[PDB]
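Here is what each chain is made of, one letter per residue.
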Amino acid sequence: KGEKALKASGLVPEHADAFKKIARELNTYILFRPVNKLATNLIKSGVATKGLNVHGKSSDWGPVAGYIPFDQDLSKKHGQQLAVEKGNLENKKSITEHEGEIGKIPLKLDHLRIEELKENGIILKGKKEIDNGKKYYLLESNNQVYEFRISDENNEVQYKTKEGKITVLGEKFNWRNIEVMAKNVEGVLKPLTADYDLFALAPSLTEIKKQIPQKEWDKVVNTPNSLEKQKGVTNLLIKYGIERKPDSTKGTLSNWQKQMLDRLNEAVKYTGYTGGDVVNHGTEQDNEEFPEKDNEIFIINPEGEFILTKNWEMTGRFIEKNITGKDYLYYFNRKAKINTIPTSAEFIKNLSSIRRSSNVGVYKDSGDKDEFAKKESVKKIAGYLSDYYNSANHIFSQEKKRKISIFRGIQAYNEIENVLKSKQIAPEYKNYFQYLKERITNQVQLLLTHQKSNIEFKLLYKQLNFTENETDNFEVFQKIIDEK
């Protein structure tokens, strides 16, 4: 709500205030994926924020935490058996995919970081063994499996394991350094910490008229059919801005929204960051390996209020109060599910993720009739789910938003129940369809009990028998739900 995030944030304040000025400037919702201090210390010292090259994120241990490893214990994969070699192959494939940018370079850190982390209580300067032509500045940590080995002048950490003990990886070495990769900014060696991130971008409800050159808004608004008016608003935004473009440098947004990401980049160009592109990959769901559920989401609004949520239940609560539930915009992360169900890109990942554990799916890489009737059905599911995940409906009142959203769920539920009414359905795909079916039922019905319409879902489903359209059978849905 302000300062309660500033005291337990782990981020830097100058980026926050220079985001506050652009929040007042072009009125967008800069939603944060907050990271800890162990990367933004060296970010404020001026070392690079990596893109999607290696996925060694903010580790919590050491003055070289946040920094990318070669021996991957210096990341979240700390204490794992086969994941460390998988990350070693990840950096050996990041050199072969992001070549020209990625090298195998020694480090460059500022030496005040060790005295910064004598006071966070992790590292204990203990025994000394003589090497490298000096009294070597050794220090152990709260773990002793791998130490750090720094001289007071050089910017290389030439670590070793203790040869009196054994390792956990299965291999041994001499005092061999963590060779780090880099965002080599035209030959300048810049190693990589866990990057400065985002959670979402969302302008105001009328700044799309200040984002779209509004001479298409000049021809969209004047139209006589109100349902077709909202559909002429919405289909234009599907053909303009839903179609995200991914890369390996900046993240996953559209054209105007990466045009706002360069202003979110100019927020740090004048205040202590020299690594260039500061927004590089966003939230936990902007990660392309597996999702994570974060419990602290730092909302600054178009006013710039330094608000943090409490947990994910309260995060969805605040989202449905103000972020979507007020006159605002929700450009989002594309058996007890209370408020939410996952998304359609999550549905496509879930779709192509489970037909390899079991060889048979009900539709596969084939050429038959019912499998591609099912493909057209599931394309209709994706379209109906894109228009159910739609906060472009507050040009009308919130009752119209709920009406549009659940008519989308009705049309999707019709085909979801219909494709189960088929031949022999594989039980994984059968229970996956029912797994989505019970929750889409409860998502409509929890809306309806949070509405004032009171009908059961099944009666509302059986009174509507739409042929193909949402141009006539929305009027019968209207005349059922209207007058209260």
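Reading the values: the criteria
Residues numbered from 1 in each chain as written, not as in the entry; some residues may be left out. Part of a larger assembly, values for the part shown. Heavy atoms only, no water. Residues with missing side-chain atoms left out of burial classes, pairs and counts. UniProt positions renumbered as here; feature names shortened; annotations may be inferred. Pairing = 2+ DSSP bridges. Helix = DSSP H or I, 4+ residues; strand = E, 2+ residues; numbered from the N terminus. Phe/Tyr/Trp six-rings, centres within 6.5 Å; stacked < 30°, edge-to-face > 60°. Buried < 20%, exposed > 50% of the residue type's maximum accessible area, 1.4 Å probe, protein only. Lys NZ or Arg CZ within 6 Å of the ring centre and 35° of its normal.

Method of determination for the deposited model, per the PDB record: cryo-EM, at 3.4 Å resolution.

Looking at the PDB entry, the chain carries the name Calmodulin-sensitive adenylate cyclase, with the source organism given as Bacillus anthracis. The title field of the PDB entry reads "Anthrax toxin protective antigen channels bound to edema factor". UniProt lists a comment for the chain under the heading Catalytic activity, and it reads "ATP = 3',5'-cyclic AMP + diphosphate". Heading Sequence similarities of the UniProt record for the chain holds this comment: "Belongs to the adenylyl cyclase class-2 family."

Caption draft 1: Main features of the sheet that holds strand β10 (residues 307–308). Spatial strand order, β1-β9-β10: three strands in an open sheet with antiparallel pairing. The open sheet has two edge strands, β1 (30–31) and β10, and neither has a second partner. Pairing analysis gives two bridges linking strand β9 (residues 298–300) to β10, with the strands arranged antiparallel. What sits directly across from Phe298, in β10, is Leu308.

Caption draft 2: View of the sheet that holds strand β5 (residues 148–149). Pairing is antiparallel across the open sheet formed by three strands, whose spatial order is β3-β4-β5. Looking at the sheet topology across the chains shown, the edges are occupied by β3 (123–124) and β5. With two bridges connecting them, strand β4 (residues 138–141) and β5 associate as antiparallel partners. The residue of β5 that forms the bridge with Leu139 is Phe148.

Caption draft 3: Examining the packing of aromatic side chains more closely. Under the defined criterion, the tally for this structure stands at 21 aromatic pairs. Ring plane angle 15° and centroid distance 5.9 Å describe the contact between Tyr146 and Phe173, whose orientation is recorded as stacked. Placement of the pair is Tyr146 in the loop between β4 and β5 and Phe173 in the loop between β5 and β6 (192–193), with a sequence separation of 27 residues. Judged by relative accessible area, which is 17%, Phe173 ranks as buried. Here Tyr330 and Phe332 contribute two aromatic rings whose centre-to-centre distance is 5.2 Å and whose plane-to-plane angle is 25°, an arrangement assigned as stacked. With relative accessibility at 22%, the residue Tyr330 sits in the partly exposed group. Judged by relative accessible area, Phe332 falls into the buried class, the value being 7%. Through successive ring pairs, a cluster of aromatic residues spans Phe19, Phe32, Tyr196, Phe298 and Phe306. The ring of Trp217 is capped by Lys209, whose NZ or CZ atom sits 4.1 Å from the centre of that ring.

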